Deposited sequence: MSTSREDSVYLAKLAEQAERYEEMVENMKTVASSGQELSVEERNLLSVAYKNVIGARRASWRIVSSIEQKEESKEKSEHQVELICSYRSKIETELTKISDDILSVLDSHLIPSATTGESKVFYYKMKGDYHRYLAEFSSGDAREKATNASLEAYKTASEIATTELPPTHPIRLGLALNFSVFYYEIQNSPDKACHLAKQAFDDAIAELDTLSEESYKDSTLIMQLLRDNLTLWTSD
């Protein structure tokens, strides 16, 4: 199957709700020489986000069951079988992110997008780890976000959905992983105020996507400030 054939099967698997195969279709495309297009890396992002989304949901259910005999152990190994699948998915996406995606990225917008994913799946890892793995995941997550944030501030307008979506996930990292509501609100409020000032820079094609993420920023700001 050719390069465009794998991209079509990813769009096929997307609507078929078979997201595990959507990864293999996109994993065999991003590793090619070409750089992923605007829609291509969207399928790559959509694919993995659903693959790890199911285990994140599955892990969050099994944790609350234990947080509420041989049943004590049966849940502990089941909850760890999901954590192994959560690591396999994160290590798989982070490996191609660090071997091909980020190195071969030349566009400033491409670098922000991939460095954001690096922060995202490092953050998924730190959601459940404890000890050395949680401390290692927290550091790499913040290092990739800060790198994306520095490149986004100089190469992207403040209303760009990739720049706004980054600060949204970066702010969630501060509140949920680093437990710093003051650092989350500060970055989230600044990201909202930076985009409000340059409203003329809101592009026609990127208009609806930018307004949506700004509302997601304010919803988090309201929740964190209680």
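Going from the first residue of the deposited sequence to the last, where are the unmodelled runs?
No coordinates exist for the deposited residues in 1-2, 71-77, 236, so these stretches are absent from the model.
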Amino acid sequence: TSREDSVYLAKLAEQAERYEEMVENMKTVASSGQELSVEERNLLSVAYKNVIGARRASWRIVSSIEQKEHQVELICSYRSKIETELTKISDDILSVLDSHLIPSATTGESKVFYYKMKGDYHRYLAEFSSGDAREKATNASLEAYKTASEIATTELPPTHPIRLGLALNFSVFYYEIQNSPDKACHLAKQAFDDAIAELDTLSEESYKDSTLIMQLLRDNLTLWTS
From here on, numbers count along this sequence of modelled residues.
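Take the C-alpha B-factors listed in the entry for 54-62 and for 35-43, compute each mean, and give the stretch with the larger one.
The stretch with the larger mean CA B-factor is 35-43.
So, looking at the entry's B-factor column for Cα atoms, which has the higher mean, 85-93 or 70-78?
70-78 has the higher mean C-alpha B-factor.
Could you look up the Cα B-factor of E17 in the entry and say which third of the chain it sits in: lowest, middle or highest?
Bottom third by C-alpha B-factor.
Third of the chain's Cα B-factor distribution that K208 belongs to, per the entry:
Tercile = highest for this residue's CA B-factor.
Could you look up the Cα B-factor of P157 in the entry and say which third of the chain it sits in: lowest, middle or highest?
Ranked within chain, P157 CA B lands in the middle tercile.
Which third of the chain does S6 land in by C-alpha B-factor: lowest, middle or highest?
Within its chain, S6 is a middle-third residue by C-alpha B-factor, going by the deposited values.
Sorting the chain's modelled residues by C-alpha B-factor, tell me whether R134 ends up in the lowest, middle or highest third.
Middle third - that is where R134 ends up once the chain's C-alpha B-factors are sorted.
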